[PDB]
Ligand SMILES: CC(C)CCC[C@@H](C)[C@H]1CC[C@H]2[C@@H]3CC=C4C[C@@H](O)CC[C@]4(C)[C@H]3CC[C@]12C
């Protein structure tokens, strides 16, 4: 939180002018209610007197009062317009300045700052918190000021027309204030009604639905739905008392409102029988002051909004005002004119800003000569993009030096540094633009001639020029409408048009084939003239095109020198060379286990929308018992009415408590059902559904933790909202039509123009809502683009282009907001001012009626108030609502998530259950290419089989079908060109659950939930209790009890999320057990033990051959120390079995 | 400015035009080619690099603060003028350049002179013009000696372009006189001095 | 909540009023459909709610509603007619389809051709006798077939497989089959299959001796 | 496009087992009109069995199958699934996927549930309820009787019995003689197996001249068996 | 601008000692935040003289010493049209004004001027707008007979440019030398036309130098003759 006078610091002279004039006409919108009263006082006295003596002088006097009314209504037309308009405009300027400068400093801010933050958070922030601040500074403040204005105006205008009554009433005033403040905090705080309690269960509905492999691999889809319950329950356990609290508080709040009207009516009915005041005069005081403190009550949601703002703007303004050390946009430093590619890395030390505990550079010695190449190569995935992101200063080796031409890398300007170097990124890193405009991102000023020179200067012609309109055919998001060779190679041309002085490669041509290499390695090594190139190689094809060979070893460089002189040196490369809708009826049937709650709740609601016609008939009587004569019996009736008010006080205590508590617990019921139903039927799918982007981890979790609550709303909150607003305008329209229909008609005419201001002040999107969602997404697409793939933007130093596109797309939300402000100021002002013109025309027509015989003032003041305030009440109730038609989309989503039938339905008994699964597979010509990555073949012709009790192992390149065959035997997917059958019998006929009982797996990446370790390791067999000694037998078996006996909490400590409260060596041998519980048959230790030191591991294959007998084994591991106990041998060659 | 080495001479040389900076500034210069009456274009930037779409007979380099363009082995395809803009300061100045052409190594002018006709003297003025045509180089002298005097202040000479094909120049040197001065003289003698003329030819005439 | 055809097995002629009366349930209230299913397929829609006719359908089907009566009269009867009907009722959360009818082509009487055929000696080896008696090219279909064993009352061991009216002559063929065990086909000699049909004025009995 | 209702699943299981009548409805989305399941009793008539209106969530099963049939409208991948359980005796009817009517075409509403006719249908797979396994057929040529009328008409035929399941195609002379050969509906055995009869008429001229053969083809037993006929020689 | 130049004609007009205009550099095809519009002065017979340098993306200006003080350059990134007010017009201010583009987001090019604009001449003169006349440069009789008898005609007191002169009424242009439009002392200009022909044909043939000055509504002619006194 930052304080009232810093959240406004982005205001220009004309802003302060809009705010100041919007504030003085806020204050002058305010005092418009009291003066309406003052004339209401004098017209009440005129009516009661004149009709009491029996005269069209009444009509001409009511005329003059109609002018005072209309005049004040036009005054409020103008002052409401100016209030809302200028306040929204001042927020528009301030918020686009905040937005532009936010983006500017979200790019200027470092990269490690994106080790800290994830980009879903950041895009929420940039589209959610900015609209929080827009709410805060936008218009909340103008209506807050108009509230406090009319408060003081009622105060001051009671005093000036009676001071006793004003004192007795200003006495209770805190009561009506705090009361309307709670009645108006409730009908908002419902919609959200969430702090951080659900999170106790959401933690597991998220972490254990993002680790959905280990949760399918082991049948454990009940030890993750049960626990989900046993936290939803313990959330219910407090949600109950808190619904009790909220509804007792609203019951009280109306008990105090009605006690207040009773006190005030007694007192101010004694002062009017000793003739001190008058009917009108007494009204003026109470009504001015009551609506004063009611309108100060009902601005508790606005005083909440302003603080939501202040608390968002704290974190936005602090993101902005940081000056990250390595300043992209800075001019600090020197820039030379003659630069050579003599690069050196000496005693550098870069520890990560997130995970500083994995040290990967521990004192280097790397030297290069101007022009000639190098060779930075090593084992698979050994952290070498480090070198590709430490020179362009994305990060900083803290205690070292990156020497370029006798200088350190820091005293160079960064905007000039990252300009003289260009790279080819390991995975082709495209910006979502056409080819030509993909390339201009290299230098921003590159014309046709150089485009062609640099696109053919590496043979990048045919595969681009085949498809038409080459430079308007767009290429795909994340690499979606182009291939692995048509896309990758282009990353040489762009980062060439830069005309570099050094160029770099992170395995530029890993997925570039032989003839592709024979047409690229020319541009690759004809590149050098006097400039360096830093090679990170994968193959052994052109590493020989070098004079230097620098190896990777324990974070310390070891080998260097020429090829022949080093063939005797015994280095490291020495080894390398050898949605459908769903009706109302269906969302209502979703919970028919509560007919009683909806019945009691809805009859309560019908007995709360009827308090308004109650008031209407009550002070229809009051205007008749306060006539002339009989002053002795006039004090009797007013005491009966003090009483009546008290009794409805207590009734509505009980009616409001019931209504609330009833629909609150029915909502909670429906919510817990929907949550657990969705989560069950969301562990019941294949993994051909949980890899997509329509179904992320946070997408699913969003649907759980938000669409449940919203369908909860839309089921029966609408039932109430309709029952009230039927018994409230319905009953009032009915009564009004019984008593006087002519004036009722004239007021129905206006009802739509009065019940709009209440919904506008907290709607502000009517012909704009979907519009806002559209224009802001279409302008933030660039935000998202440059915000996700940001190593490249910040690596090309091609961010100012993205910034300026951002700006010129913001120019759309800006004229949107301007026409928004102006048409919404107009609708708000005309609704408001039509209230006063309502008083005027209604009472003029009324006085005509009265002097015609067609009515009687007691009835004109029944009708007027019944209808006008059924209207304002419809406003207040409607504008306090959860957006039914929003959560009907939640309804449709949830339903479609229920019904889907996964062809790998794990929750089915249909199938064949053999008894002794002999540890045999039978793979007759199996093939499978990814379903969504539809074409890249990971398995293009294979055939295997293991024998019962034998061992085998597969070794090769990065991911060449080592794992993607496991997803075929675990039967996540059904292979399309092939036929899987186990033990000689075919799979698809097998029961799928049984199938995942005999089959054991362990993980190259073993992961554990947020639980103790009584359960965590027992997981491996649900459908039977896992004993205690079973867990410890495994612990000695898995060779983890050699270290288990250290934990102060031996077997019951609370471990974190998916390898958090563990180490890199520990978990390598923990998942051993979580499948060794079922006593499976087929072991798949896919590098399950890789980070265990040599001292602790090899013993793993001792308790796993004196027991491994009686069952088979498959292996995927790069451990030459154990590969050599094979029986059958099958090898990768181009993803084929030779 | 620079040191203009304007060259248009025999073929087969590497004409290297130089540019000296107005102050001691780093290698921020640019060399533009102009056809007088049009809009220049850039050929090298950063004093060393190469711009797009230019023919790569152009080249240059930098030493200290001295910059060069080069055109080698004077071809049949040389005719232009140059400008040289130094930069890397809030002030960004320019250079005047050269005027490169070819052909007509040695040419001899033919002298003509005309009487301003009586149609010109009915207004009250006159214009006798000493014509030199088919001459080369652009350097050539025309002078007036009327009534045996070193006449000056009354000589407006005009020089045309170097010929597109045969590198001969055109020239009209005007001796004008109003009514108050053209009436009192009889003989007007123009002497031309040119390096392609062995002896200075002279044209003269009388009012009659 | 049920549907009851009155005119089962319509066997009238081509080119005349042929009409179906399928009496409905208590409160069907004009909610009937009339459906033409051809053999071996799934039906078509002709009329729905007793009056309105499907599209792309010949307009020779006249539908009437007289209170609790729904009447279907067709009078043209081109070659594409003479297939099964259905009167199906869907009302009050329950739907039931009627026991469909069959429109036949009308022909004159043809004398049923009678045969009996005991098992060849190849069949008694296993111990069972499946004597099929044949009734071919008889019009109309309605005939009675009965067996007798050694001049006694045979019953309970016969199955009558009957073909479906031909296209050409709309004729009928029928095969009944007396099946008996070994101990009953080794001690019983005379097996008679006798038929009474309007083509054969006097029920004829084919007769054979055991062997 | 055209209303197409295509069927997979079901057809062969013992009484006491599940079947998944799957009905891909191509041409439209499931959520606009009703999708019944219907019943062709084995030459007896048709019947409604169930329905699921999946824009109101409403379902209804037949009185004889209550508790065993669970429909579902897989209306994200646009199919109608039907789970059947225990498949008791009288379920040998042929089950079809039927679509009810729409007054407009872009919607149906809960009022007037399928009262305006069953406007579109499809062809489903046959199903059967028996424990009869795959069994080879036994053929006996029911020869023209030795008492054939000399100069008259003699009946000649053949019986194929004790087989399961269909079909057993009964031809003569290996398919080149198909005139007058009445193959009757494939009749069922006493045990639960099957059978059928074949008859044809012959003039009494060529019983001594030419001879005939009755071949049967039981594909689910993969038997294409041949056998000669001859009037009884005593 | 990506494959072309979008700088359009800008502020075209003339100036006398009593005039002033609002010149623009009407760019297009790119975003003013990527460039820094410039201007230069190119006075006749002299080298290039730069005048102004505005960088809209910082609202800056590095002024010169020639038009110092008296000028102001004010770019408008909204409407994509910069504006330099040509005010305080002396005579030296006349030139062809090249105003161009200048990429600011690539450091290597430290002299900008990526492109260059053809220019809309500022033309400061005095007492102009005076129909032309034709005056015969009458060849004498002592011209070289049979060799070259040069002939032509001078157009005098003519303004403004351009003046289209044809020979034999457009039926011949060979040997016609169009001299440069050189200045007079009254601000007017002088362009001469000399023709090459042996003296054999002037006796039988007559030659008519044609003049056409559209900016003054005057097409004037004269027969060119060998003078016989
Ligand atoms: C929404 C607004 C326009 C409501 C309209 C109500 C007002 C404007 C209408 C309704 C009743 C009308 C009055 C009906 C009767 C009276 C008194 C009579 O001696 C002359 C006409 C006069 C004076 C009318 C003037 C206009 C009037 C006052």
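Residue numbers (the authors' numbering), protein chains in the order written: chain A, 39 to 92, 106 to 629, 692 to 1251; chain D, 6 to 213; chain B, 3 to 213; chain C, 3 to 236; chain E, 1 to 229.
No residue lacks a Cβ here, since even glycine has one placed at the ideal position from N, Cα and C.
| Item | Value |
| --- | --- |
| Sub-8 Å separation of residue 191 of chain A and residue 48 of chain A beta-carbons | no |
| Counterpart residues of residue 173 of chain A in DSSP-defined beta bridges | None; residue 173 of chain A has no bridge partner. |
| Closest by C-alpha distance to residue 122 of chain E, when choosing among E:156, E:36, E:21, E:189 | E:21 |
| Inter-residue spacing [alpha-carbon to alpha-carbon] between residue 126 of chain C and residue 95 of chain C | 11 Å |
| Cβ pair residue 1065 of chain A, residue 1039 of chain A closer than 8 Å | no |
| Minimum Cβ-Cβ distance from residue 16 of chain E to chain D less than 8 Å | no |
| C-beta atoms of residue 154 of chain A and residue 890 of chain A nearer than 8 Å | no |
| Proximity below 8 Å, CB of residue 151 of chain C to CB of residue 223 of chain C | no |
| Closer than 7 Å: residue 993 of chain A CB and nearest ligand 1 heavy atom | no |
| Cβ-based burial, residue 389 of chain A [other Cβ within 10 Å; buried from 16] | exposed |
| Neighbourhood of residue 145 of chain B by C-beta distance below 6 Å, restricted to the same chain and skipping five residues each side | 197, 199 |
| Proximity test, Cβ basis, 8 Å: residue 705 of chain A and chain C | no |
| Assigned secondary structure, residue 220 of chain C (DSSP; H/G/I helix, E/B strand, else coil) | strand |
| Among A:1111, A:444, A:558, nearest to residue 594 of chain A - alpha-carbon criterion | A:558 |
| Own chain, CB closer than 7 Å to residue 205 of chain B, minus 5 neighbours either side, in chain order | 196, 197, 198 |
| Residue burial classification, residue 247 of chain A (beta-carbon count within 10 angstroms, cutoff 16) | exposed |
| CB contact check: residue 825 of chain A to chain C, cutoff 8 Å | no |
| Nearest to residue 26 of chain E (by Cα), restricted to the options E:175, E:98, E:17 | E:98 |
| 8 Å Cβ cutoff, residue 4 of chain C in contact with chain B | no |
| Where residue 101 of chain E meets chain D, residues with beta-carbon distance less than 9 Å | Near residue 101 of chain E there are no residues of chain D at all, since even the closest Cβ is about 11 Å away, more than 9 Å. |
| Alpha helix (DSSP H) segment containing residue 725 of chain A, residue limits | 724-734 |
| DSSP state of residue 1275 of chain A mapped onto helix, strand, coil | Residue 1275 of chain A cannot be examined here, being either before or after the span of chain A that is shown, 39 to 1251. |
| Cβ of residue 98 of chain A within 8 Å of any chain D Cβ | Residue numbering in chain A jumps from 92 to 106; residue 98 of chain A, which lies between, is not modelled. |
| 8 Å Cβ cutoff met for residue 1103 of chain A and residue 1025 of chain A | yes |
| Residue 113 of chain A - containing alpha helix (DSSP H), residue span | 108-159 |
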